[PDB]
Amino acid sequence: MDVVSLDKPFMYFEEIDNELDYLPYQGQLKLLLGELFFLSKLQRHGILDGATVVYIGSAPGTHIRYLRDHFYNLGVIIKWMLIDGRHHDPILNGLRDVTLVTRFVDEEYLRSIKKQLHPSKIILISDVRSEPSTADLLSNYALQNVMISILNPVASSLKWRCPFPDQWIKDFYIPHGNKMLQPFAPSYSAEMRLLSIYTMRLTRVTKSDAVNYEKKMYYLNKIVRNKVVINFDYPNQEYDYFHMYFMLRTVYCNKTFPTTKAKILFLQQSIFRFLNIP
């Protein structure tokens, strides 16, 4: 891995500044970090407390247990509602504050869960997916807009991977938000998480945006993520660990540590141990 000297990683897609012509249970780690990042940002904004997290497409959702235990141990009052047609990981069983729902959501069912949660704050996390086609994605993203227009969450994190330019169909619309980059994504994934705080204006996505995404993400996965951050004071200086480190320092802990590095190391250790990563 070519060596590089960096002050910070790319945290949002907008920050990628160049382009190029296109672990065990790593998937749970990718979800866990981005959702710890998203929910920790909401905690900083004082809006996570008293909210209800509605996670659609949450199964098996092994990592969600770590998320709940994290905020439960910080004293943050959160109710979870995990909805999926598939059965969740049994490690999510027996938690009074976690509600498991075995159902594929449609418009009608989004209306009813809104009814039963209103007027409580809703935080939406979506990871629904139906290799997928461009029509599958357009259906998925429409459904996610339908989640926002009906559930009207105070914040959302949405699965967001633009369709490839060579499989384009039609321009579509997605919510405004920051496009959060995911460490420990698959080697050449172009998926981000669309993070939005609502104070919902939609954005047109065009075929040129699909070209910009494909090239920016390829540069990120070929060049950026294969670097060693040699100034990085950490047991592992590979970029994805550099990237994970900067996400993890937005996380709160009841425990006190002598240094920030000691805090990130403890958190990473905790996360890997629960996910059974060496």
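Each residue number is its position in the shown sequence, starting from 1.
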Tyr188 preceded by how many uncoordinated deposited residues after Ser187: none
Might you work out how many residues are unmodelled in the deposited sequence between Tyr22 and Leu23, and answer none, 1 to 3, 4 to 9, or 10 or more? 10 or more
Would you mind comparing 222-230 and 52-60 for me and telling me which has the higher average C-alpha temperature factor in the entry? 222-230
Given 187-195 and 161-169, the range whose Cα B-factors average higher in the PDB entry: 161-169
Among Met180, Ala135, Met147, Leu100, where is the Cα B factor highest in this entry? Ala135
Out of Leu143, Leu117, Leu202, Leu151, which shows the largest CA B-factor listed in the entry? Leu202
Third of the chain's Cα B-factor distribution that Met11 belongs to, per the entry: middle
Quick tally, chain-level thirds of C-alpha B-factors: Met247 sits in the middle
Taking only the Cα B-factors deposited for this chain, tell me whether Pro175 sits in the lowest, middle or highest third. middle
So where's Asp84 on the chain's Cα temperature factor ranking, which third? middle
In terms of its chain's C-alpha B-factors, the third that includes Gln26 is the highest
